[PDB]
Amino acid sequence: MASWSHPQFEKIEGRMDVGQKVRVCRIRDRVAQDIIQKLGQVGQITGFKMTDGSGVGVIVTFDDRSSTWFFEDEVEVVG
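Every letter in the sequence shown is one number past the one before it in the authors' numbering, and letter 3, counting from 1, is -12.
What follows is the structure in structure tokens.
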């Protein structure tokens, strides 16, 4: 469902890109045992995700071969 709507990116359009690497700098709300591992760890954007917590989410695949989602402001873009 979209009718004619294009991929919706507000500010992340020219900041967050698939293939670019990102590092989790700060966990905004709650930190899980798994998430805390990724905190300070560098991963790569493999896609975007929709969230109901803060709008847009970013799917980051790390060197652990695991892919998890983080928020727009929750990560920094590197590489």
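All C-beta atoms, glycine included, are put in the ideal place defined by N, C-alpha and C.
Quick one: Cα of residue i to Cα of residue j, how far?
| i | j | result |
| --- | --- | --- |
| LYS6 | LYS34 | 16 Å |
| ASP2 | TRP(-11) | 22 Å |
| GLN22 | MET(-14) | 36 Å |
| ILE(-3) | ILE20 | 22 Å |
| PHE55 | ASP37 | 12 Å |
| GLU57 | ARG15 | 16 Å |
| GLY32 | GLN18 | 23 Å |
Quick check on this structure: which residue in the options has the alpha carbon closest to the alpha carbon of residue i?
| i | options | result |
| --- | --- | --- |
| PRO(-8) | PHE55, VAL41, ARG50, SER52 | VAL41 |
| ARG13 | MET1, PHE(-6), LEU24 | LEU24 |
| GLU(-5) | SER39, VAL16, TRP54 | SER39 |
Who pairs with residue i in a beta bridge, going by DSSP?
| i | result |
| --- | --- |
| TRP54 | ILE44 |
| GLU61 | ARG8 |
| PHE(-6) | Its beta-bridge partners do not exist; DSSP assigns none. |
* To do: Report yes or no: do three or more beta-carbon pairs, one from the segment 8 to 20 and one from the segment 50 to 63, lie closer than 8 Å?
  => The segment 50 to 63 and the segment 8 to 20 touch, with three or more beta-carbon pairs separated by less than 8 Å.
* Asked: For the segment 21 to 34 against the segment 44 to 59, are there 3 or more C-beta pairs whose distance is under 8 Å?
  -> yes
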